[PDB]
file target.txt (compact mmCIF, C-alpha atoms)
# COMPACT_ATOMS: atom_id res chain seq x y z
CA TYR H 4 -7.18 -11.06 49.97
CA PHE H 5 -8.43 -10.88 53.56
CA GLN H 6 -5.07 -9.55 54.76
CA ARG H 7 -4.35 -6.79 54.81
CA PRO H 8 -7.99 -6.42 55.85
CA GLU H 9 -8.21 -2.62 55.72
CA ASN H 10 -10.00 -2.82 52.39
CA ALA H 11 -13.48 -4.10 53.20
CA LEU H 12 -14.09 -1.26 55.62
CA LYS H 13 -12.58 1.36 53.31
CA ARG H 14 -14.81 0.19 50.43
CA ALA H 15 -17.76 0.35 52.81
CA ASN H 16 -16.97 3.99 53.57
CA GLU H 17 -16.52 4.58 49.83
CA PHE H 18 -19.90 3.03 49.08
CA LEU H 19 -21.49 5.24 51.72
CA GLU H 20 -19.81 8.36 50.31
CA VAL H 21 -21.66 7.67 47.06
CA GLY H 22 -24.80 7.27 49.15
CA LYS H 23 -25.25 3.56 48.47
CA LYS H 24 -25.55 2.76 52.18
CA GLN H 25 -27.45 -0.49 51.79
CA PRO H 26 -24.97 -1.79 49.21
CA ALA H 27 -22.23 -0.98 51.71
CA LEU H 28 -23.98 -2.88 54.51
CA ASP H 29 -24.69 -5.89 52.34
CA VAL H 30 -21.04 -5.85 51.27
CA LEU H 31 -19.77 -6.12 54.83
CA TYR H 32 -22.25 -8.91 55.52
CA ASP H 33 -20.59 -10.83 52.69
CA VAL H 34 -17.20 -10.35 54.32
CA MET H 35 -17.98 -11.42 57.86
CA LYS H 36 -20.14 -14.36 56.83
CA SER H 37 -17.57 -15.66 54.35
CA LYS H 38 -16.50 -19.30 54.71
CA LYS H 39 -12.85 -18.29 54.95
CA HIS H 40 -13.64 -16.52 58.24
CA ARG H 41 -13.11 -19.47 60.59
CA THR H 42 -9.53 -19.77 59.34
CA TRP H 43 -9.28 -16.00 59.71
CA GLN H 44 -8.28 -14.24 62.93
CA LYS H 45 -10.58 -12.91 65.66
CA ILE H 46 -9.53 -9.43 64.54
CA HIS H 47 -12.01 -9.50 61.66
CA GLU H 48 -14.62 -9.67 64.40
CA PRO H 49 -13.58 -6.04 64.77
CA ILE H 50 -14.76 -5.51 61.17
CA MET H 51 -17.86 -7.59 61.80
CA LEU H 52 -18.64 -5.33 64.74
CA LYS H 53 -18.35 -2.25 62.53
CA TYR H 54 -20.66 -3.85 59.96
CA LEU H 55 -23.18 -4.66 62.69
CA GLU H 56 -22.96 -1.04 63.76
CA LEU H 57 -23.89 0.35 60.31
CA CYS H 58 -26.83 -2.08 60.34
CA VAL H 59 -27.99 -0.10 63.33
CA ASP H 60 -28.25 3.16 61.41
CA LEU H 61 -30.27 1.48 58.67
CA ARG H 62 -32.38 -0.36 61.27
CA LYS H 63 -31.74 -3.56 59.31
CA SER H 64 -32.41 -5.88 62.24
CA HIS H 65 -32.98 -9.03 60.20
CA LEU H 66 -29.64 -8.75 58.44
CA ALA H 67 -27.97 -7.94 61.75
CA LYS H 68 -29.29 -11.07 63.49
CA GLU H 69 -28.23 -13.16 60.52
CA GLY H 70 -24.83 -11.48 60.41
CA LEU H 71 -24.14 -12.17 64.07
CA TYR H 72 -25.45 -15.76 64.09
CA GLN H 73 -23.69 -16.68 60.87
CA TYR H 74 -20.47 -15.06 62.09
CA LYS H 75 -20.75 -16.92 65.40
CA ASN H 76 -21.22 -20.30 63.68
CA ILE H 77 -18.01 -19.68 61.73
CA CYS H 78 -15.84 -18.32 64.51
CA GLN H 79 -16.27 -20.91 67.25
CA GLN H 80 -12.85 -22.23 66.26
CA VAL H 81 -10.80 -19.20 67.31
CA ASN H 82 -11.28 -15.72 68.72
CA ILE H 83 -14.40 -17.17 70.30
CA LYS H 84 -14.80 -14.40 72.87
CA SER H 85 -15.10 -12.12 69.85
CA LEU H 86 -18.72 -13.29 69.64
CA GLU H 87 -19.38 -11.84 73.10
CA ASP H 88 -17.56 -8.68 72.08
CA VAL H 89 -19.63 -8.05 68.97
CA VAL H 90 -22.69 -8.90 71.02
CA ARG H 91 -21.68 -6.21 73.47
CA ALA H 92 -20.91 -3.85 70.58
CA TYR H 93 -24.34 -4.37 68.99
CA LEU H 94 -26.10 -3.73 72.30
CA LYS H 95 -24.08 -0.60 73.01
CA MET H 96 -24.85 0.77 69.52
CA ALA H 97 -28.60 0.31 69.69
CA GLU H 98 -28.51 1.49 73.29
CA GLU H 99 -26.93 4.76 72.07
CA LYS H 100 -29.44 5.22 69.25
CA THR H 101 -32.13 5.15 71.93
CA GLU H 102 -30.29 7.95 73.71
CA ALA H 103 -30.20 10.00 70.52
CA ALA H 104 -33.84 9.55 69.46
CA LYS H 105 -35.14 10.03 73.02
CA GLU H 106 -33.04 13.13 73.69
CA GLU H 107 -34.02 14.72 70.35
CA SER H 108 -37.74 13.86 70.53
CA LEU H 146 -39.67 6.83 67.91
CA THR H 147 -41.84 3.80 68.73
CA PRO H 148 -40.10 1.81 66.02
CA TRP H 149 -36.83 2.74 67.68
CA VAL H 150 -38.01 1.29 70.98
CA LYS H 151 -39.23 -1.83 69.19
CA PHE H 152 -35.93 -1.98 67.30
CA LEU H 153 -34.13 -1.89 70.62
CA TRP H 154 -36.31 -4.58 72.16
CA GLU H 155 -35.88 -6.79 69.13
CA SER H 156 -32.12 -6.28 69.44
CA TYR H 157 -31.94 -7.21 73.13
CA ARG H 158 -34.04 -10.28 72.29
CA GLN H 159 -31.79 -11.37 69.41
CA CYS H 160 -28.59 -10.97 71.45
CA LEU H 161 -30.16 -12.98 74.30
CA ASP H 162 -31.14 -15.81 71.93
CA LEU H 163 -27.64 -15.63 70.48
CA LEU H 164 -25.76 -15.84 73.77
CA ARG H 165 -28.18 -18.35 75.35
CA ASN H 166 -26.70 -21.40 77.07
CA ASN H 167 -22.99 -20.95 76.45
CA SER H 168 -20.41 -21.44 79.17
CA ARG H 169 -18.07 -18.92 77.58
CA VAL H 170 -20.82 -16.40 76.91
CA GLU H 171 -22.49 -16.61 80.34
CA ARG H 172 -21.12 -13.38 81.76
CA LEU H 173 -21.99 -11.41 78.63
CA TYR H 174 -25.44 -13.00 78.45
CA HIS H 175 -26.06 -12.17 82.11
CA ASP H 176 -25.16 -8.56 81.39
CA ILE H 177 -27.57 -8.14 78.49
call {"tool": "encode", "arguments": {"input": "target.txt", "output": "structure tokens"}}
result
Amino acid sequence: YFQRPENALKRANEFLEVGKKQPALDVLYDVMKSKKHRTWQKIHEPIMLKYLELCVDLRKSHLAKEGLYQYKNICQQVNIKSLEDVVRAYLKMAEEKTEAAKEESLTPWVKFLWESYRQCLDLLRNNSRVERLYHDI
């Protein structure tokens, strides 16, 4: 039922429309950390990136780290760069939340950001294919 894969994201939006944001986030986590994922195309990594992004709004850092790591362990097989791309995505998302909170004003948000940088660095650490992305972060 993965393909067409326009359903997980839709249902996430639906779950948020009813205001059950956390249920929506946890739902996407289930999708991207599913065992069928390795067989699945790198494209889902797009979906995983979106899920990681919602995670940012809810400041659910723990779930985010676990989402990314667990997704990475599954995906090594194919669409490997995808890991670097969702890493980049995560960083750009938290990096924009800093812009928002700073421009509107907050400590937690700085700490959230630090914790995010740290997690991405420990995720990308020591990987030939992730070296450029790691160096960037």
call {"tool": "closest_residue", "arguments": {"input": "target.txt", "among": "H:49, H:72, H:61, H:67", "to": "residue 23 (chain H)", "atoms": "all atoms listed in the file"}}
result
H:61
call {"tool": "atom_distance", "arguments": {"input": "target.txt", "atom1": "CA of residue 45 (chain H)", "atom2": "CA of residue 85 (chain H)"}}
result
6.2 Å
call {"tool": "atom_distance", "arguments": {"input": "target.txt", "atom1": "CA of residue 78 (chain H)", "atom2": "CA of residue 41 (chain H)"}}
result
4.9 Å
call {"tool": "atom_distance", "arguments": {"input": "target.txt", "atom1": "CA of residue 38 (chain H)", "atom2": "CA of residue 8 (chain H)"}}
result
15.5 Å
call {"tool": "residues_around", "arguments": {"input": "target.txt", "residues": "residue 75 (chain H)", "least_positions_apart": "4", "cutoff": "7 Å", "atoms": "all atoms listed in the file", "output": "ChimeraX atom specification"}}
result
/H:71,79,86
call {"tool": "axis_aligned_box", "arguments": {"input": "target.txt", "around": "region 48-67 of chain H", "padding_each_side": "3 Å", "output": "lines of an AutoDock Vina configuration file"}}
result
center_x = -23.3
center_y = -3.3
center_z = 61.6
size_x = 25.4
size_y = 18.8
size_z = 12.3
call {"tool": "residues_around", "arguments": {"input": "target.txt", "residues": "residue 54 (chain H)", "least_positions_apart": "2", "cutoff": "9 Å", "atoms": "only C-alpha atoms", "output": "MDAnalysis selection string"}}
result
chainID H and resid 12 15 27:32 35 49:52 56:59 67 70
call {"tool": "residues_near_point", "arguments": {"input": "target.txt", "point": "(-13.5, -21.8, 56.8)", "cutoff": "12 Å", "atoms": "all atoms listed in the file", "output": "list in words"}}
result
residues 35, 36, 37, 38, 39, 40, 41, 42, 43, 44, 74, 76, 77, 78, 79, 80 and 81 of chain H
call {"tool": "closest_residue", "arguments": {"input": "target.txt", "among": "H:82, H:73, H:108, H:16", "to": "residue 169 (chain H)", "atoms": "all atoms listed in the file"}}
result
H:82
call {"tool": "closest_residue", "arguments": {"input": "target.txt", "among": "H:62, H:34, H:46, H:90", "to": "residue 148 (chain H)", "atoms": "only C-alpha atoms"}}
result
H:62
call {"tool": "closest_residue", "arguments": {"input": "target.txt", "among": "H:60, H:161, H:151, H:20", "to": "residue 99 (chain H)", "atoms": "all atoms listed in the file"}}
result
H:60
call {"tool": "residues_around", "arguments": {"input": "target.txt", "residues": "residue 97 (chain H)", "least_positions_apart": "2", "cutoff": "9 Å", "atoms": "only C-alpha atoms", "output": "PyMOL selection string"}}
result
chain H and resi 56+59-60+92-95+99-102+149+152-153+156-157
call {"tool": "closest_residue", "arguments": {"input": "target.txt", "among": "H:17, H:106, H:33, H:69", "to": "residue 160 (chain H)", "atoms": "all atoms listed in the file"}}
result
H:69
call {"tool": "closest_residue", "arguments": {"input": "target.txt", "among": "H:47, H:84, H:63, H:7", "to": "residue 24 (chain H)", "atoms": "only C-alpha atoms"}}
result
H:63
call {"tool": "residues_around", "arguments": {"input": "target.txt", "residues": "residue 87 (chain H)", "least_positions_apart": "6", "cutoff": "9 Å", "atoms": "only C-alpha atoms", "output": "ChimeraX atom specification"}}
result
/H:164,169-170,172-174
call {"tool": "build_atoms", "arguments": {"input": "target.txt", "residues": "region 23-45 of chain H", "atoms": "N, CA and C atoms", "output": "compact mmCIF listing (two decimals), keeping the file's coordinate frame"}}
result
# COMPACT_ATOMS: atom_id res chain seq x y z
N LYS H 23 -24.73 4.92 48.57
CA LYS H 23 -25.25 3.56 48.47
C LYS H 23 -25.07 2.78 49.77
N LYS H 24 -25.69 3.30 50.83
CA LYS H 24 -25.55 2.76 52.18
C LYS H 24 -25.89 1.28 52.28
N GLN H 25 -27.02 0.90 51.70
CA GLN H 25 -27.45 -0.49 51.79
C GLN H 25 -26.48 -1.43 51.08
N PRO H 26 -25.95 -0.99 49.94
CA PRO H 26 -24.97 -1.79 49.21
C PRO H 26 -23.75 -1.99 50.10
N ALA H 27 -23.39 -0.94 50.83
CA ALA H 27 -22.23 -0.98 51.71
C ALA H 27 -22.45 -1.98 52.84
N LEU H 28 -23.64 -1.93 53.46
CA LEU H 28 -23.98 -2.88 54.51
C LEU H 28 -23.96 -4.31 54.02
N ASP H 29 -24.60 -4.55 52.88
CA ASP H 29 -24.69 -5.89 52.34
C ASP H 29 -23.30 -6.40 51.99
N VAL H 30 -22.40 -5.49 51.63
CA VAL H 30 -21.04 -5.85 51.27
C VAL H 30 -20.27 -6.38 52.47
N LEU H 31 -20.44 -5.71 53.61
CA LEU H 31 -19.77 -6.12 54.83
C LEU H 31 -20.31 -7.46 55.33
N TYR H 32 -21.62 -7.65 55.17
CA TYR H 32 -22.25 -8.91 55.52
C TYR H 32 -21.54 -10.04 54.79
N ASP H 33 -21.29 -9.84 53.50
CA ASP H 33 -20.59 -10.83 52.69
C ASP H 33 -19.23 -11.16 53.29
N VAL H 34 -18.54 -10.15 53.79
CA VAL H 34 -17.20 -10.35 54.32
C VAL H 34 -17.18 -11.17 55.60
N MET H 35 -18.03 -10.80 56.55
CA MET H 35 -17.98 -11.42 57.86
C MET H 35 -18.65 -12.78 57.89
N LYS H 36 -19.48 -13.07 56.90
CA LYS H 36 -20.14 -14.36 56.83
C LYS H 36 -19.51 -15.26 55.78
N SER H 37 -18.31 -14.87 55.33
CA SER H 37 -17.57 -15.66 54.35
C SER H 37 -17.05 -16.95 54.98
N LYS H 38 -16.94 -18.01 54.19
CA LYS H 38 -16.50 -19.30 54.71
C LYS H 38 -15.05 -19.28 55.16
N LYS H 39 -14.26 -18.36 54.61
CA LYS H 39 -12.85 -18.29 54.95
C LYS H 39 -12.63 -17.74 56.37
N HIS H 40 -13.70 -17.24 56.97
CA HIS H 40 -13.64 -16.52 58.24
C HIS H 40 -13.12 -17.36 59.41
N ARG H 41 -13.51 -18.62 59.47
CA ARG H 41 -13.11 -19.47 60.59
C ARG H 41 -11.59 -19.60 60.64
N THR H 42 -10.98 -19.75 59.47
CA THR H 42 -9.53 -19.77 59.34
C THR H 42 -8.94 -18.43 59.77
N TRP H 43 -9.69 -17.37 59.45
CA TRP H 43 -9.28 -16.00 59.71
C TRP H 43 -9.29 -15.66 61.20
N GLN H 44 -8.49 -14.65 61.55
CA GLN H 44 -8.28 -14.24 62.93
C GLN H 44 -9.50 -13.55 63.55
N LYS H 45 -9.50 -13.50 64.88
CA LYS H 45 -10.58 -12.91 65.66
C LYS H 45 -10.69 -11.42 65.37
